């Protein structure tokens, strides 16, 4: 599968050199595929990057499905090989605000994850596991917010110590 070779390779060139530093030539080196093979499949570097971001959204969506966003974060605690790639995701923050087409592409590529959270939370509410003194959307934004904070600290090299107890506290904050 040539698409999946390109994506596994790209995730590494990106992880090691960052967004700007993943040149087309370096992306050939990491993938064993030509400029033409790469752009044929994905059009441009930005769409390649978004496809990877979609892969994270699809895997996180499965995890969320099973056991919510606390579980994604628990898993993030176990996957230190993923922190360089998380760095890259944070680098494009500026573009996510200066560029409406990219921003819309980013949001669309994240939609599978966004839907899974809504479904997971809805089923939790349906089963009476979530606290009902706080609106569910506030719980949602709360957990989104902790997630983004987790990605950021891990990305920036902060220690993982006490984050596990932070997670126990996040759970307790939103459950009955």
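Numbering follows the first chain given and starts at 1.
In this entry, the higher average B-factor at the C-alpha atoms falls on 101 to 109, of the pair 67 to 75 and 101 to 109. Averaged over Cα atoms, the B-factor as recorded in the entry is higher for 90 to 98 than for the other of 76 to 84 and 90 to 98. For residue 15, the recorded CA temperature factor ranks within the middle third of the chain's modelled residues.
When all modelled residues of the chain are sorted by CA temperature factor, residue 34 is found within the highest third. Among all modelled residues in this chain, the alpha-carbon of residue 28 has a temperature factor (C-alpha) in the highest third. Among the modelled residues of the chain, residue 123 sits in the middle third by CA temperature factor in this PDB entry. Residue 41 sits in the highest third of its chain by CA B factor, as recorded in the PDB entry.
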